[PDB]
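What follows is one structure encoded as structure tokens, with my remarks underneath.
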Amino acid sequence: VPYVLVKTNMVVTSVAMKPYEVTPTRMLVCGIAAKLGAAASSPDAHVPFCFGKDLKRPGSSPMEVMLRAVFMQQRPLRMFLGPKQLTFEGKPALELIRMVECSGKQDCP
Amino acid sequence: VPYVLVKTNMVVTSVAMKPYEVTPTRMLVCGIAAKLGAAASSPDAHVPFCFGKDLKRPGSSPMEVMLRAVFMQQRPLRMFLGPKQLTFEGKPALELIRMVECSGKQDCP
Amino acid sequence: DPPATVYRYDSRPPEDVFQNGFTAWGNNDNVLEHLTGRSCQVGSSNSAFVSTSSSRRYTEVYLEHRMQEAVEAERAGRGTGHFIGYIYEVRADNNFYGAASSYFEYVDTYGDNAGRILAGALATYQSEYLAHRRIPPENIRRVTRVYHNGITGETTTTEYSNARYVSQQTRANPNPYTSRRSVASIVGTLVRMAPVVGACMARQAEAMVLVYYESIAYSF
Amino acid sequence: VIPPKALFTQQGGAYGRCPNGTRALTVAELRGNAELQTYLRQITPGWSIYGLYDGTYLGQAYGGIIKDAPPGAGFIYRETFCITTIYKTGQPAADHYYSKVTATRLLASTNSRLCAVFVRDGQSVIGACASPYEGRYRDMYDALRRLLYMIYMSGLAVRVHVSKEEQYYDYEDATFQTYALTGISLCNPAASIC
Amino acid sequence: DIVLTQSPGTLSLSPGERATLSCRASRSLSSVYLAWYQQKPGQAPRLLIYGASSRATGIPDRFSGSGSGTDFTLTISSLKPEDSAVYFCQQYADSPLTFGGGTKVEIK
Amino acid sequence: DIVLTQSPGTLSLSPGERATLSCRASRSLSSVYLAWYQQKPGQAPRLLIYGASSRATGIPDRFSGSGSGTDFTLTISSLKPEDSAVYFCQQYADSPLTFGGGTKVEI
Amino acid sequence: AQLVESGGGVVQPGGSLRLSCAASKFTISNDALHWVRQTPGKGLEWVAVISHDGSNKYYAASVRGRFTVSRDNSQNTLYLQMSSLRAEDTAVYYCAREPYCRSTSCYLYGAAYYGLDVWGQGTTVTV
Amino acid sequence: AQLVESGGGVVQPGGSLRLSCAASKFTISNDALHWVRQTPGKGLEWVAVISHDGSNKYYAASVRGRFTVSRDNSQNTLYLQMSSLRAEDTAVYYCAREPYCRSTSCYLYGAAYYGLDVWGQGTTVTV
Amino acid sequence: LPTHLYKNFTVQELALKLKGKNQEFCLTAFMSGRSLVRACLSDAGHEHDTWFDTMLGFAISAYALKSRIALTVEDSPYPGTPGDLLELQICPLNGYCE
Amino acid sequence: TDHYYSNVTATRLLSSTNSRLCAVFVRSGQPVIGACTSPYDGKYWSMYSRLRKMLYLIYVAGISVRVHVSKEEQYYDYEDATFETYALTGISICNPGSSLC
């Protein structure tokens with residue numbers, strides 16, 4: 001069953017953008033997020049995400065400015081992944097629909 | 001009477017943006033320029049400036065690009081501010097129409 | 001209000017720090033050079049200040065992200081996944097000068113154009129305090145061990161107690177440092193990324209990739 | 001802040017995928033709205049289980065109870081309670097400013113607002129939300145995202161200008177009000193800003 | 001790219017003994033993303049066990065799974081001659097759905 | 001955001017003596033951005049001395065200014081009975097036009 | 001130089017008011033105009049300024065959004081549009097004419113300052 | 001639950017083949033489908049995947065851009081389209097149905113994995 | 001369309017040119033031992049699109065950060081000519097790509 | 001008509017309202033050539049958005065680069081200049097003694 005997954009304490013460790021094969025007028029900004037301090041056994045140690053970007057409207061989207069900002073600062077996030085899937089390096093990736101920063105222990109356990 | 005002013009050896013110490021009251025098509029980009037060697041309480045150390053940026057044109061105006069550069073490097077610049085006045089924090093600020101970086105003490109007294 | 005306790009991340013084992021302490025690399029005591037990174041870069045590391053911080057949160061975050069470098073490098077096959085980190089506690093005597101306070105004085109008396117904005121904009125975000133010459137072993141009180149093992153994904157924290165520590169009633173000197181004018185051609189403030197950490201804080205801990213902060217402060 | 005009941009979506013999102021411009025509701029906000037809880041009584045049928053951001057709100061047959069849960073535990077069920085993040089307070093537009101602030105805790109949905117929490121001395125003060133897709137300051141988004149990014153990279157004290165004609169509830173369990181951003185001014189003490 | 005290895009190879013067991021197969025991975029797999037298959041000579045495989053903890057509808061109650069991690073084992077216990085085939089182990093914990101080499105069981 | 005404080009609270013001097021009225025500024029304004037007003041009770045203020053080294057029109061010569069800095073003074077030579085009013089010092093070296101407290105001189 | 005300061009101020013806090021300045025001898029088309037309020041407690045305070053053609057119009061911190069200034073040089077008048085007035089708006093409002101600055105501010109340009117010199121009788125506004 | 005596995009294999013090193021899966025009785029619109037190849041040398045390998053509505057498709061490393069997957073619910077059939085086949089494509093191609101995962105991969109969502117259990121007789125494709 | 005995938009590569013050159021009516025930016029990747037990698041994405045019917053402007057900021061960011069990048073490129077039909085760049089990835093800072 | 005000047009550093013930026021943003025390129029201190037870009041008018045008008053990014057990066061970091069200009073456009077924005085100024089064809093960061101540039 002497809003449903004939205006909300007993740008916690010994830011940092012964006014890689015960012016990329018690739019041409020969207022489905023439509024020539026859109027554009028995919030993908031990335032990799034990792035749980036802070038988790039081991040390899042956990043499924044959150046390496047989660048792929050991708051979100052679409054329109055190529056007709058100029059300017060960086062609200063999603064991209066954060067994904068730019070939270071990348072070199074290595075801040076934790078709370079990513080609303082899903083429920084749709086996109087392609088990243090052949091491997092499937094979960095689409096990103098909402099991203100929120102980590103205030104502290106209260107909302108990022 | 002309003003007359004165009006030419007200021008030498010001014011360093012931008014603040015940058016600001018705010019909406020334009022008369023028309024929503026434009027938006028003002030402001031700042032604060034302090035003269036090198038001026039007294040702390042002298043009016044030359046608190047000169048405010050602004051200029052209008054068109055919003056129908058996405059991207060950046062040429063004035064914004066170099067203003068961001070000198071602000072980060074704290075470089076001197078000769079400022080051709082005048083004669084119009086634009087609101088800035090409710091306080092008058094001379095509109096900037098042309099601004100050039102300094103080349104040395106020979107041409108910037 | 002100068003702090004009474006300052007912190008410093010380092011990788012040296014406690015059994016070696018507690019016997020020798022730290023030591024400034026060089027005799028050049030230019031305030032702007034240190035806060036920018038010209039005196040802690042490769043081939044020109046001659047700063048007379050050893051870098052500390054007044055916020056333990058900032059030191060944990062650097063540790064909290066230096067841990068992820070071991071995790072990330074383990075996947076790439078360049079490491080073993082382990083990590084042993086240390087956060088020291090030092091009591092500030094009358095030789096610890098603030099960085100934000102000292103930068104403002106350097107700018108306010110040597111011209112506005114003599115200093116970069118982000119050089120002092122980083123000291124405020126770092127809460128950094130510079131220690132001149134050396135931090136003696138008597139000024140070190142407790143070190144926080146951090147052990148991370150990639151097989152289990154569990155972190156163990158232990159805190160040791162120093163034996164050479166001499167407890168006194170000292171604080172950081174509120175008077176900013178006075179240094180001669182910079183003669184070098186400073187290009188920009190060198191910062192280590194992920195997260196943004198000053199050149200002197202980052203480099204003295206342990207080649208590094210050092211990026212001018214201005215080049216990334218505005219999104220292209 | 002407890003969002004008003006007027007923001008409840010008539011057709012809630014399915015499997016946690018609320019429509020663009022909406023967000024999942026936390027159990028704390030439902031617990032604080034007496035009108036919303038009473039309103040849910042006449043719309044929830046029997047033995048029907050609906051998910052929230054934290055927990056679930058089961059049907060009126062069980063008695064209409066709210067059960068807390070970790071995030072993602074309630075998303076699996078079909079209907080998810082989502083509320084629109086835009087509201088019209090009706091207060092006339094004015095230049096409200098907050099001095100000595102630093103940008104923190106970014107947030108942005110897909111076709112929604114880039115937002116930040118401006119914090120002084122530890123406690124939150126206000127949140128400013130800007131979008132290039134909807135609103136009255138839409139055309140000015142591109143000019144502000146560059147200054148917001150610069151003041152977020154390095155913690156420089158600025159003066160944040162907000163307009164109260166639009167109130168935003170994008171953040172979850174927020175103890176602060178979020179409004180529309182109308183300009184950022186880096187503050188110089190010598191220029192009488194901070 | 002998780003490589004699943006079944007080290008025993010080819011097993012020759014009497015029609016009364018108990019069959020033990022070992023499937024191990026280069027990295028740890030969640031217990032829910034591993035399965036076993038039976039490929040009788042000449043036909044298509046059908047799943048016996050999924051998630052190492054449950055059987056398909058038509059599978060008889062003679063096959064059991066094992067614990068999670070990097071070691072997974074399947075046990076046949078009572079071994080009728082009908083159960084001479086080649087057994088595979090499959091993972092779906094990542095993008096590449098990678099099977100294993102397969103172990104051939106022989107009944108004398 | 002500059003506050004002008006007049007430390008003379010209230011004076012009652014002889015009809016021939018000399019009165020000095022101090023105007024302290026928060027910041028060191030220049031001399032050319034000062035003015036002094038006189039508000040007799042029942043009418044709007046009138047300028048006395050603008051740019052303290054200079055006088056206005058239709059005013060006797062008994063009014064004199066002072067120098068620049070942070071402190072400035074207004075000098076009245078001979079207090080005629082007509083000079084019983086409240087005296088102000090304004091500023092314009094910054095954007096907000098800030099007036100002084102108002103020193104009352106009564107005879 | 002005479003100014004009449006027409007209109008009177010008695011308005012409930014949620015109401016609006018519109019004062020008027022009317023010159024008598026000096027033509028209003030070439031001079032800057034200020035409004036100054038006189039609170040009996042807090043002294044004289046600056047309200048707003050306006051340029052000769054209307055280009056530049058600056059107000060005070062407290063009346064930044066509620067107040068409005070306007071001119072009609074054809075009829076030799078100056079107006080002040082007042083929005084919702086709180087209790088702090090109670091003062092006597094005057095009309096001031098800065099002599100030699102057809103723009104709002106002369107301190108920016110470094111020009112010398114001449115202070116007002118023309119004032120009206122005043123109007124009383126209470127809430 | 002029976003599949004016929006139409007499509008036959010003989011192709012010169014550049015040619016193209018269109019293999020077809022067909023559901024006999026059970027409806028196919030509500031389940032995902034897989035293609036699995038079996039070379040006697042290298043063992044069983046995974047070819048491609050397809051979702052229920054066709055939104056998500058993924059392929060292996062060797063057939064990432066060459067092969068293609070299509071599904072037609074009108075005839076309850078699943079197709080595989082091949083680009084140029086080299087000599088390494090000699091194998092038997094099967095059909096699989098991951099039962100309850102409408103989305104292609106259930107490993108991201110954390111949901112339980114149910115394994116296939118419906119394979120067709122297979123078709124032999126060689127070059 | 002033979003495409004090669006490169007990982008653990010750092011940008012050294014970043015040259016923006018003017019070739020005919022359209023424009024291009026050619027970037028070079030360098031590893032310690034491997035040969036030089038040269039590639040450049042150019043305007044090809046993307047006049048109304050903003051595809052060139054979006055990635056151009058990424059390569060400049062990659063040069064500013066001095067971080068490892070992972071490019072995919074289709075090699076040129078003629079030797080010595082840089083290939084066309086399709087996807088650009090920036091590896092974790094102070095770290096390597098998986 | 002493409003002419004370059006290698007081993008240049010970008011200093012002395014000029015910018016005026018509704019006109020070109022420029023830069024003076026100096027070699028060993030002494031200026032050698034100047035360039036300008038403008039999104040409103042100019043032959044290479046569409047190149048400002050693609051080139052303001054590289055122009056900013058080279059100035060802030062002070063890296064040695066190569067400047068491409070065309071003498072088909074001569075600008076006189078710099079008062080009392082001892083150097084010519086042209087339009088900006090492109091900026092190239094290349095290794096010394098390299099083949100690409």
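Residues are referred to by chain and number: the chain letter is A, B, ... according to the order shown in the structure tokens, the number counts from 1 in that chain, and ligands are numbered separately from 1 in the order shown.
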Practice task
May I have the residues within 9 Å of residue 27 (chain B) as JSON, numbers by chain, using only C-alpha atoms and disregarding those fewer than 5 positions away in the same chain?
Solution key: {"B": [17, 18, 19, 20, 21, 51, 52, 53, 54, 55], "D": [140, 143]}
Got time to write the residues from that selection, N, CA and C atoms, as a short mmCIF file (atom, residue, chain, number, x, y, z; two decimals), in the first residue's frame?
data_model
loop_
_atom_site.label_atom_id
_atom_site.label_comp_id
_atom_site.auth_asym_id
_atom_site.auth_seq_id
_atom_site.Cartn_x
_atom_site.Cartn_y
_atom_site.Cartn_z
N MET B 17 15.66 45.27 1.87
CA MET B 17 14.65 45.27 0.83
C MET B 17 13.30 45.54 1.47
N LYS B 18 12.41 46.17 0.71
CA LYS B 18 11.09 46.52 1.22
C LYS B 18 10.18 46.82 0.05
N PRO B 19 8.87 46.65 0.20
CA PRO B 19 7.96 46.95 -0.91
C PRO B 19 7.90 48.45 -1.18
N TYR B 20 7.46 48.77 -2.39
CA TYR B 20 7.32 50.15 -2.84
C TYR B 20 5.88 50.59 -2.67
N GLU B 21 5.68 51.76 -2.07
CA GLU B 21 4.33 52.20 -1.73
C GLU B 21 3.52 52.60 -2.96
N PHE B 51 17.35 52.05 -4.12
CA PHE B 51 17.06 52.12 -5.55
C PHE B 51 16.00 51.09 -5.88
N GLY B 52 15.26 51.35 -6.96
CA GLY B 52 14.11 50.54 -7.31
C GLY B 52 14.47 49.39 -8.24
N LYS B 53 13.95 48.22 -7.92
CA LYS B 53 14.16 47.01 -8.71
C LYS B 53 12.82 46.56 -9.28
N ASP B 54 12.78 46.36 -10.60
CA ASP B 54 11.55 45.97 -11.26
C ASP B 54 11.27 44.49 -11.00
N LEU B 55 10.02 44.19 -10.64
CA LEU B 55 9.63 42.82 -10.32
C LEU B 55 9.07 42.06 -11.51
N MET D 140 7.35 39.40 -5.14
CA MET D 140 8.54 39.85 -4.44
C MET D 140 9.27 38.70 -3.75
N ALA D 143 13.19 38.25 -4.74
CA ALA D 143 14.11 39.22 -4.18
C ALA D 143 14.39 38.97 -2.71
#
Tell me, counting only C-alpha atoms, for each residue of chain C within 12 Å of chain J, which pair of atoms is nearest and how far apart they are in Å to one decimal, in rows ordered by chain and increasing number, as a tab-separated table.
residue	atom	partner	partner_atom	distance
C:116	CA	J:60	CA	11.3
C:185	CA	J:62	CA	10.8
C:186	CA	J:62	CA	10.2
C:187	CA	J:61	CA	6.6
C:188	CA	J:61	CA	6.8
C:189	CA	J:61	CA	9.7
C:190	CA	J:61	CA	10.3
C:211	CA	J:61	CA	9.3
C:212	CA	J:61	CA	6.8
C:213	CA	J:61	CA	9.4
C:214	CA	J:60	CA	6.6
C:215	CA	J:57	CA	6.2
C:216	CA	J:57	CA	9.1
C:217	CA	J:60	CA	10.7
C:218	CA	J:56	CA	9.8
C:219	CA	J:53	CA	9.5
C:220	CA	J:53	CA	6.3
Write out as an mmCIF file with C-alpha atoms, in the first residue's frame the residues lying within 7 Å of region 62-77 of chain B, counting only C-alpha atoms and excluding same-chain residues fewer than 5 positions away.
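Result written to around-v9.cif:
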data_model
loop_
_atom_site.group_PDB
_atom_site.id
_atom_site.type_symbol
_atom_site.label_atom_id
_atom_site.label_comp_id
_atom_site.auth_asym_id
_atom_site.auth_seq_id
_atom_site.Cartn_x
_atom_site.Cartn_y
_atom_site.Cartn_z
ATOM 1 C CA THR B 8 33.883 59.310 -1.930
ATOM 2 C CA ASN B 9 35.194 56.523 0.314
ATOM 3 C CA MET B 10 31.894 55.044 1.468
ATOM 4 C CA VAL B 11 31.523 51.445 2.661
ATOM 5 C CA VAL B 12 28.125 49.743 2.681
ATOM 6 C CA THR B 13 27.374 48.423 6.171
ATOM 7 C CA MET B 99 28.007 53.701 -7.954
ATOM 8 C CA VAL B 100 31.627 52.842 -8.720
ATOM 9 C CA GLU B 101 34.318 51.211 -6.611
ATOM 10 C CA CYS B 102 37.378 53.216 -5.612
ATOM 11 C CA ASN C 113 37.239 48.689 5.219
ATOM 12 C CA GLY C 115 37.851 43.974 7.954
ATOM 13 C CA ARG C 116 35.357 41.690 6.259
ATOM 14 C CA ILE C 117 31.759 41.353 7.410
ATOM 15 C CA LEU C 118 31.663 37.555 7.585
ATOM 16 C CA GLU C 214 31.564 34.685 0.890
ATOM 17 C CA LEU J 13 33.464 47.048 -10.280
ATOM 18 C CA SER J 15 27.392 49.601 -11.912
ATOM 19 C CA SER J 16 24.781 52.205 -12.798
ATOM 20 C CA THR J 17 20.994 52.162 -12.783
ATOM 21 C CA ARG J 20 25.832 47.855 -17.533
ATOM 22 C CA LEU J 21 27.631 46.203 -14.646
ATOM 23 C CA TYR J 56 30.467 37.410 -8.745
ATOM 24 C CA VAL J 60 34.798 37.460 -4.199
#
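Using only C-alpha atoms, the shortest contact distance between chain E and any of A:94, A:50, A:40, A:81 is found at A:40.
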Exercise for the section: Please run DSSP on the backbone and report, as a list in words, all residues within region 12-193 of chain D that come out as alpha helix (DSSP H). Expected result: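 Checking each residue of region 12-193 of chain D, the alpha helix (DSSP H) ones are residues 27, 28, 29, 30, 31, 32, 34, 35, 36, 37, 38, 39, 40, 41, 141, 142, 143, 144, 145, 146, 147, 148, 149, 150, 151, 152 and 153 of chain D.
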Handout entry: Contact residues around residue 92 (chain I) with only C-alpha atoms at 10 Å, ignoring same-chain residues under 4 positions, as a ChimeraX atom specification
Key = /A:12-15,32,71-72,74 /C:69,72-73,194 /I:67-69,96-98
Region 28-39 of chain I surroundings by only C-alpha atoms, 10 Å radius, close-in-sequence under 4 positions cut, as a short mmCIF file (atom, residue, chain, number, x, y, z; two decimals) with C-alpha atoms, in the first residue's frame:
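This went into selection_10.cif:
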data_model
loop_
_atom_site.label_atom_id
_atom_site.label_comp_id
_atom_site.auth_asym_id
_atom_site.auth_seq_id
_atom_site.Cartn_x
_atom_site.Cartn_y
_atom_site.Cartn_z
CA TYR I 6 31.95 9.17 -12.92
CA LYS I 7 32.22 9.43 -9.14
CA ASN I 8 34.60 11.04 -6.63
CA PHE I 9 35.60 13.79 -9.07
CA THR I 10 36.49 17.40 -8.25
CA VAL I 11 35.92 20.38 -10.54
CA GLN I 12 39.05 22.23 -11.66
CA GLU I 13 38.07 24.24 -14.74
CA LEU I 14 34.79 26.10 -15.26
CA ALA I 15 34.77 27.99 -18.57
CA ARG I 68 33.50 16.03 -4.98
CA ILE I 69 30.99 15.87 -7.83
CA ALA I 70 29.49 12.89 -9.67
CA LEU I 71 28.71 13.66 -13.31
CA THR I 72 27.19 11.47 -16.00
CA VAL I 73 28.33 12.24 -19.54
CA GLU I 74 27.92 10.82 -23.03
CA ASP I 75 31.32 10.72 -24.70
CA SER I 76 31.88 12.69 -27.88
CA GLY I 80 39.53 15.24 -27.58
CA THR I 81 36.03 16.83 -27.56
CA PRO I 82 34.24 17.05 -24.20
CA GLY I 83 31.04 15.07 -23.84
CA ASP I 84 27.57 16.29 -23.01
CA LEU I 85 26.64 16.57 -19.33
CA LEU I 86 23.20 15.32 -18.28
CA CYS J 94 41.44 27.42 -16.77
CA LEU J 100 41.04 24.15 -23.39
#
Practice task
Find the spatial neighbours of residue 76 (chain D), counting only C-alpha atoms, within a cut-off of 12 Å - ignore same-chain residues fewer than 6 positions away - and output them as a VMD selection string.
Solution key: (chain A and resid 1 to 6 82 to 83) or (chain D and resid 13 to 17 49 to 56) or (chain H and resid 109 to 111)
Take the residues that were just selected and, keeping C-alpha atoms, output them as an mmCIF file, in the first residue's frame.
data_model
loop_
_atom_site.group_PDB
_atom_site.id
_atom_site.type_symbol
_atom_site.label_atom_id
_atom_site.label_comp_id
_atom_site.auth_asym_id
_atom_site.auth_seq_id
_atom_site.Cartn_x
_atom_site.Cartn_y
_atom_site.Cartn_z
ATOM 1 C CA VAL A 1 0.000 0.000 0.000
ATOM 2 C CA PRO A 2 1.266 3.511 -0.777
ATOM 3 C CA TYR A 3 1.192 6.064 2.040
ATOM 4 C CA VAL A 4 3.115 9.144 3.132
ATOM 5 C CA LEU A 5 6.115 8.504 5.384
ATOM 6 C CA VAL A 6 7.246 11.192 7.825
ATOM 7 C CA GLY A 82 5.903 9.975 -0.390
ATOM 8 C CA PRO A 83 3.448 8.785 -1.411
ATOM 9 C CA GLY D 13 -6.265 14.080 2.103
ATOM 10 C CA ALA D 14 -5.913 10.351 1.506
ATOM 11 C CA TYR D 15 -3.122 8.270 3.074
ATOM 12 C CA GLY D 16 -1.457 11.391 4.455
ATOM 13 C CA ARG D 17 -1.122 13.046 1.025
ATOM 14 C CA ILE D 49 -10.655 5.466 11.863
ATOM 15 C CA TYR D 50 -8.904 8.608 10.614
ATOM 16 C CA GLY D 51 -5.260 9.554 11.012
ATOM 17 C CA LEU D 52 -3.609 12.750 12.229
ATOM 18 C CA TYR D 53 0.023 13.835 12.122
ATOM 19 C CA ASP D 54 0.716 12.342 15.553
ATOM 20 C CA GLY D 55 -2.112 9.910 16.259
ATOM 21 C CA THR D 56 -5.571 8.906 15.109
ATOM 22 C CA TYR H 109 7.504 2.480 2.772
ATOM 23 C CA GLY H 110 8.531 -0.059 5.409
ATOM 24 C CA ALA H 111 5.578 -2.282 4.537
#
Exercise for the section: Please provide the set of residues having any atom within 7 Å of region 22-31 of chain F, restricted to only C-alpha atoms, with same-chain residues fewer than 2 positions apart removed, written as a list in words. Expected result: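 Listing them by chain and then by number gives residues 41 and 42 of chain B; 2, 3, 4, 5, 6, 7, 8, 20, 33, 34, 51, 52, 67, 68, 69, 70, 71, 72, 73, 74, 89 and 93 of chain F.
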Write a file of the selected residues as a PDB file, in the first residue's frame, keeping C-alpha atoms.
ATOM      1  CA  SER B  41      28.021  61.115  15.303  1.00  0.00           C
ATOM      2  CA  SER B  42      28.656  62.923  12.010  1.00  0.00           C
TER       3      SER B  42
ATOM      4  CA  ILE F   2      18.031  61.885  19.287  1.00  0.00           C
ATOM      5  CA  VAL F   3      16.747  63.237  22.603  1.00  0.00           C
ATOM      6  CA  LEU F   4      17.330  66.880  23.527  1.00  0.00           C
ATOM      7  CA  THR F   5      17.314  67.628  27.263  1.00  0.00           C
ATOM      8  CA  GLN F   6      17.116  71.146  28.706  1.00  0.00           C
ATOM      9  CA  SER F   7      18.547  71.039  32.229  1.00  0.00           C
ATOM     10  CA  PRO F   8      17.228  74.494  33.274  1.00  0.00           C
ATOM     11  CA  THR F  20      21.792  80.936  29.698  1.00  0.00           C
ATOM     12  CA  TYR F  33      21.065  71.810  12.353  1.00  0.00           C
ATOM     13  CA  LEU F  34      19.772  73.644  15.418  1.00  0.00           C
ATOM     14  CA  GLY F  51      21.821  77.746  12.975  1.00  0.00           C
ATOM     15  CA  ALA F  52      22.811  79.060  16.359  1.00  0.00           C
ATOM     16  CA  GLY F  67      28.955  76.716  19.474  1.00  0.00           C
ATOM     17  CA  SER F  68      28.564  73.197  18.151  1.00  0.00           C
ATOM     18  CA  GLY F  69      29.203  69.876  19.905  1.00  0.00           C
ATOM     19  CA  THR F  70      26.745  68.164  22.224  1.00  0.00           C
ATOM     20  CA  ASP F  71      25.907  71.198  24.398  1.00  0.00           C
ATOM     21  CA  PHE F  72      24.496  74.468  23.076  1.00  0.00           C
ATOM     22  CA  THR F  73      23.272  77.611  24.823  1.00  0.00           C
ATOM     23  CA  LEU F  74      20.892  80.481  24.082  1.00  0.00           C
ATOM     24  CA  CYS F  89      15.535  73.679  21.046  1.00  0.00           C
ATOM     25  CA  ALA F  93      20.449  66.402  11.822  1.00  0.00           C
TER      26      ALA F  93
END
Practice task
Compile the residues of chain C that lie within 12 Å of chain E, evaluated using only C-alpha atoms, and express the compilation as a count of residues only.
Solution key: 3
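The space between CA of residue 49 (chain I) and CA of residue 25 (chain A) spans 7.8 Å.
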Handout entry: In region 3-95 of chain J, DSSP strand (DSSP E) residues written as a PyMOL selection string
Key = chain J and resi 3-16+21-27+30-37+65-74+85-93
Can I get the selected residues back with C-alpha atoms, as a PDB file, in the first residue's frame?
ATOM      1  CA  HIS J   3      39.624  38.425 -28.216  1.00  0.00           C
ATOM      2  CA  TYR J   4      40.711  37.210 -24.790  1.00  0.00           C
ATOM      3  CA  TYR J   5      43.038  38.396 -22.034  1.00  0.00           C
ATOM      4  CA  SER J   6      44.435  35.580 -19.908  1.00  0.00           C
ATOM      5  CA  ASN J   7      45.650  35.668 -16.294  1.00  0.00           C
ATOM      6  CA  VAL J   8      43.318  38.513 -15.291  1.00  0.00           C
ATOM      7  CA  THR J   9      41.806  39.343 -11.898  1.00  0.00           C
ATOM      8  CA  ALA J  10      38.530  41.219 -11.479  1.00  0.00           C
ATOM      9  CA  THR J  11      38.634  44.522  -9.583  1.00  0.00           C
ATOM     10  CA  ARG J  12      37.069  48.000  -9.627  1.00  0.00           C
ATOM     11  CA  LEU J  13      33.464  47.048 -10.280  1.00  0.00           C
ATOM     12  CA  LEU J  14      31.182  49.651 -11.863  1.00  0.00           C
ATOM     13  CA  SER J  15      27.392  49.601 -11.912  1.00  0.00           C
ATOM     14  CA  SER J  16      24.781  52.205 -12.798  1.00  0.00           C
ATOM     15  CA  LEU J  21      27.631  46.203 -14.646  1.00  0.00           C
ATOM     16  CA  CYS J  22      31.335  46.316 -15.457  1.00  0.00           C
ATOM     17  CA  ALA J  23      34.690  45.143 -14.134  1.00  0.00           C
ATOM     18  CA  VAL J  24      38.302  46.202 -14.637  1.00  0.00           C
ATOM     19  CA  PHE J  25      40.693  43.315 -15.227  1.00  0.00           C
ATOM     20  CA  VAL J  26      44.220  43.918 -13.947  1.00  0.00           C
ATOM     21  CA  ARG J  27      47.456  42.024 -14.561  1.00  0.00           C
ATOM     22  CA  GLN J  30      48.311  47.611 -13.968  1.00  0.00           C
ATOM     23  CA  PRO J  31      44.934  47.350 -15.736  1.00  0.00           C
ATOM     24  CA  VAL J  32      44.846  45.572 -19.087  1.00  0.00           C
ATOM     25  CA  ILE J  33      41.193  45.575 -20.195  1.00  0.00           C
ATOM     26  CA  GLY J  34      37.640  46.162 -18.993  1.00  0.00           C
ATOM     27  CA  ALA J  35      34.363  44.411 -19.736  1.00  0.00           C
ATOM     28  CA  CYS J  36      30.665  45.078 -19.237  1.00  0.00           C
ATOM     29  CA  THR J  37      27.412  43.110 -19.218  1.00  0.00           C
ATOM     30  CA  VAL J  65      40.689  33.799 -14.754  1.00  0.00           C
ATOM     31  CA  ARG J  66      40.375  34.588 -18.470  1.00  0.00           C
ATOM     32  CA  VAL J  67      38.092  37.279 -19.900  1.00  0.00           C
ATOM     33  CA  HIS J  68      36.450  37.136 -23.327  1.00  0.00           C
ATOM     34  CA  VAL J  69      35.400  40.424 -24.925  1.00  0.00           C
ATOM     35  CA  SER J  70      34.495  41.713 -28.370  1.00  0.00           C
ATOM     36  CA  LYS J  71      35.645  45.097 -29.651  1.00  0.00           C
ATOM     37  CA  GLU J  72      32.379  45.412 -31.580  1.00  0.00           C
ATOM     38  CA  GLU J  73      31.067  47.294 -28.529  1.00  0.00           C
ATOM     39  CA  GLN J  74      33.106  50.026 -26.821  1.00  0.00           C
ATOM     40  CA  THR J  85      36.202  48.712 -22.077  1.00  0.00           C
ATOM     41  CA  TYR J  86      34.097  46.246 -24.063  1.00  0.00           C
ATOM     42  CA  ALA J  87      31.204  43.776 -23.776  1.00  0.00           C
ATOM     43  CA  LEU J  88      31.641  40.480 -21.943  1.00  0.00           C
ATOM     44  CA  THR J  89      31.677  37.426 -24.209  1.00  0.00           C
ATOM     45  CA  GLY J  90      32.457  35.088 -21.314  1.00  0.00           C
ATOM     46  CA  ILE J  91      34.646  34.242 -18.316  1.00  0.00           C
ATOM     47  CA  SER J  92      36.873  31.169 -18.235  1.00  0.00           C
ATOM     48  CA  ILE J  93      38.727  29.623 -15.294  1.00  0.00           C
TER      49      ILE J  93
END
